[PDB]
Amino acid sequence: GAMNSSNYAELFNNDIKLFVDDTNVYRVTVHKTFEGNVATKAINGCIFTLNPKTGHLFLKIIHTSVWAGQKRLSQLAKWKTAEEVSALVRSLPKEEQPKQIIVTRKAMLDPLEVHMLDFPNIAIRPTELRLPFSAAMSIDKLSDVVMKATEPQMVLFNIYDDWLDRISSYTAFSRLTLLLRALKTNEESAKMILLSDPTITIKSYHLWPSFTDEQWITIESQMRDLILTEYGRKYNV
Amino acid sequence: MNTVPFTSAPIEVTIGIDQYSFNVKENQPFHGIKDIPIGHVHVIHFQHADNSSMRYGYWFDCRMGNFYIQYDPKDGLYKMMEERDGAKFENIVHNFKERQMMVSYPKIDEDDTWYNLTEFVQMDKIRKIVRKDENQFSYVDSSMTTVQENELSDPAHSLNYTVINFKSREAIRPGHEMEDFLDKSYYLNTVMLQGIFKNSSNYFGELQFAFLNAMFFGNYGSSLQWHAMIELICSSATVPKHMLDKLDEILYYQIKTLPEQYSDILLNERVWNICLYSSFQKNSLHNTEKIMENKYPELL
Numbered sequence: 001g002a003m004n005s006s007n008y009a010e011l012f013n014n015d016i017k018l019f020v021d022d023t024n025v026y027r028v029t030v031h032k033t034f035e036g037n038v039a040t041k042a043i044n045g046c047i048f049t050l051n052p053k054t055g056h057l058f059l060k061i062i063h064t065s066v067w068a069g070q071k072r073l074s075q076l077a078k079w080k081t082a083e084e085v086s087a088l089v090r091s092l093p094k095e096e097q098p099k100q101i102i103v104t105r106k107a108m109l110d111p112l113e114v115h116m117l118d119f120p121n122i123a124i125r126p127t128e129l130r131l132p133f134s135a136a137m138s139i140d141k142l143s144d145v146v147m148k149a150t151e152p153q154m155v156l157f158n159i160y161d162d163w164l165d166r167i168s169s170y171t172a173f174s175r176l177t178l179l180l181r182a183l184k185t186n187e188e189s190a191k192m193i194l195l196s197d198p199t200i201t202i203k204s205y206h207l208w209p210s211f212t213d214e215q216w217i218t219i220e221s222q223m224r225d226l227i228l229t230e231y232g233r234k235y236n237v
Numbered sequence: 238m239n240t241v242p243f244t245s246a247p248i249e250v251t252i253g254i255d256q257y258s259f260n261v262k263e264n265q266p267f268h269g270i271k272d273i274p275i276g277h278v279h280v281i282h283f284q285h286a287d288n289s290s291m292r293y294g295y296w297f298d299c300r301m302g303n304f305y306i307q308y309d310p311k312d313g314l315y316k317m318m319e320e321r322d323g324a325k326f327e328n329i330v331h332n333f334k335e336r337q338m339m340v341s342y343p344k345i346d347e348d349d350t351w352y353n354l355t356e357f358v359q360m361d362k363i364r365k366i367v368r369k370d371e372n373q374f375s376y377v378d379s380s381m382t383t384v385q386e387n388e389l390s391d392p393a394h395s396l397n398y399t400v401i402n403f404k405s406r407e408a409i410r411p412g413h414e415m416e417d418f419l420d421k422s423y424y425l426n427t428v429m430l431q432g433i434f435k436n437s438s439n440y441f442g443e444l445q446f447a448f449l450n451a452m453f454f455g456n457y458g459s460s461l462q463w464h465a466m467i468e469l470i471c472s473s474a475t476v477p478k479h480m481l482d483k484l485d486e487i488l489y490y491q492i493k494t495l496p497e498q499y500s501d502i503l504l505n506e507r508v509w510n511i512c513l514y515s516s517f518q519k520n521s522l523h524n525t526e527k528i529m530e531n532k533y534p535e536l537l
């Protein structure tokens, strides 16, 4: 059943699994109309589908055209997510298909289970973890490809850059979750922390800066500090 | 008017005949039930005084043969049996009637309750759900599991209800995943009505049979079947108007008949709240909604 703090190491074993996050699929700006009513304007979205072991990110860009003439969009978004994940699994060779798909939100379980009836051996699982994958659109290069899309597109990334050359998946995932948690809690501060020293750049083929092992320890410390402060603030403790 | 004689009543037992029931004492001179209305199926059911576990009983139609009950002291239950010798049977029934050793099926003239619970229920359909083809009557008890329960174990003693599963390839057309899951009209109308049941009468027959097994034997799988068949209709946007009108009547009599004290175990909160308040048919079951609100407002 559900994935939690107790069964955490399962993410980094040799059974192929994917996390699916639907939180950036349906995105709107809310605005006033001329008549002083409110209306939404959809902007491009994305499915965040991540192998936590390899860092392979299947970023399915959701172009605003998919919503044209559709009703109940927040409900459709869950089914469109499930249809795209199902299409991704069918596109993968059998030995690359996931054994488990973990949805970050319980509302994805029935849409994904129904789209995957052809795959009775793929387990669809919720999680108790509060994963910060909503902050994916705070990664500048992911945000850029979503916002420039003029059509439906799938773009492949490694969200861990070359980290797995030096650290285990467990540690790579903990780093990723700490960066995203920071970006989610205070985006400006987090982005300031990541780029304050201009000598450390982002390689053209990477998402994050080229930190040494020593510089990641300092960065990681600055992100924990950012997260605890904002918590004291939020809650006056 | 037909008769189900009993050879004897060697053990103390509560005997049910349809919606009626009578206490019989150990070795009480009880020789059966007379004045049973022709034209309906009936169920004769038993709960031993010494084991208020294992409710069991026999679905039968007196037009299909001469049936009697006889206690089996080896298997420890009241067994239904067919008497093939018509003259032996008439002679047995006439004697027991003359000696007034039989209870009379206590139908009130005005009272259509049993007709209203069994309107679409046919013995020939019962015998397909409860497979034991050497008998013209069907045995059901509290513990019998359904074909669907067995998939999720003895197939000879199973209730062969039509499997309904909202998250199955049967229920969901490829490329109509969202449409077919949120509006089950395809599943109800093409797969189940046109495809399997052939008409709404056989569908209502199985629904009514499932309810009666749930109520009279506390059969949990029957309860699941009754709720699944209600939820499939309520979750369909497109249902023939005659089916909705008839479903309202069917459910009304079922809710009217349910013992008030059994509403907690026989009624599924999620299904009823969905069916009366969220579903496509939330406004189509006026009689059922009024009786549920007045009788079981707690559940809702």
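Chains as they are written, first to last, in this note's numbering: chain F, 1 to 237; chain W, 238 to 537. No residue lacks a Cβ here, since even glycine has one placed at the ideal position from N, Cα and C.
Nearest to residue 274 (chain W) by C-alpha distance, out of W:241, W:260 and W:290, is W:241.
At a cut-off of 9 Å between C-beta atoms, residue 216 (chain F) does not count as an interface residue with respect to chain W.
Residue 37 (chain F) and residue 30 (chain F) have their C-alpha atoms some 10 Å from each other.
Annotation: Cβ neighbours of residue 79 (chain F) in chain W (cutoff 7 Å, chain order): 414 and 415. At least one CB atom of chain W sits nearer than 9 Å to the CB of residue 111 (chain F). Judged by DSSP secondary structure, residue 452 (chain W) falls within the alpha helix (DSSP H) whose first and last residues are 437-454.
Annotation: Cβ neighbours of residue 406 (chain W) in chain F (cutoff 7 Å, chain order): 117. Annotation for residue 50 (chain F): no alpha helix (DSSP H) segment contains it, though the beta strand (DSSP E) segment containing it runs 45-50.
Interface residue (Cβ-Cβ distance to chain F less than 9 Å): residue 517 (chain W) is not classified as such.
Against chain F, the CB of residue 409 (chain W) has a partner CB under 9 Å away; the residue lies at that interface. Under the DSSP assignment, residue 308 (chain W) falls in the beta strand (DSSP E) whose first and last residues are 303-309.
With at least 16 other beta carbons inside 10 angstroms of its own, residue 465 (chain W) counts as buried.
According to DSSP, residue 40 (chain F) shares a beta bridge with F:30. In summary, no residue of the segment 246-265 of chain W has a CB separated from any CB of chain F by less than 7 Å. DSSP lists no bridge partner for residue 216 (chain F). Between the beta-carbon of residue 305 (chain W) and that of residue 244 (chain W) there is about 7 Å, and that keeps the pair under the 8 Å contact cut. Sequence-distant Cβ neighbours of residue 213 (chain F) in its own chain, meaning closer than 7 Å and more than five residues away, are 166.
Here residue 459 (chain W) is buried. Its C-beta has 16 or more other C-beta atoms within 10 Å. Under the Cβ criterion of 9 Å, residue 449 (chain W) is not counted among the residues facing chain F. Ranked by how close their Cα comes to the Cα of residue 284 (chain W), the residues W:354, W:379 and W:474 have W:379 in first place. For residue 114 (chain F), the neighbours in chain W by C-beta distance under 7 Å run, in chain order, 404, 409, 414 and 418. From the listed residues W:266, W:482, W:267 and W:282, the smallest Cα separation to residue 253 (chain W) is found for W:282.
Here residue 233 (chain F) is exposed, its C-beta having fewer than 16 other C-beta atoms within 10 Å.
It is roughly 9 Å from the alpha-carbon of residue 16 (chain F) to the alpha-carbon of residue 52 (chain F). Among the CB atoms of chain W, one or more fall inside 9 Å of the CB of residue 75 (chain F). When C-beta atoms of the segment 346-353 of chain W are compared with those of the segment 361-378 of chain W, fewer than three pairs fall below 8 Å, so the two segments do not count as touching.
The three-state reading of DSSP puts residue 291 (chain W) in strand, counting E and B together. Per DSSP, the beta-bridge partners of residue 260 (chain W) are W:251. Counting along the chain, no alpha helix (DSSP H) covers residue 127 (chain F), and no H or E run does either. Exclusion of the five residues before and after residue 481 (chain W) leaves 470, 518, 521 and 522 as the residues of its chain whose Cβ lies within less than 8 Å of its Cβ. In the three-state reduction of the DSSP assignment, residue 401 (chain W) falls in the coil class. Per DSSP, reduced to three states, the secondary structure at residue 521 (chain W) is coil, with no helix or strand assignment.
Between residue 118 (chain F) and residue 72 (chain F), the gap from beta carbon to beta carbon reaches 9 Å or more.
In this structure, residue 392 (chain W) keeps its C-beta atom at 9 Å or more from the C-beta atom of residue 310 (chain W). Interface criterion met: the Cβ of residue 82 (chain F) is under 9 Å from a Cβ in chain W. Under the Cβ criterion (8 Å, minimum of three pairs), the segment 77-93 of chain F does not count as touching the segment 192-208 of chain F.
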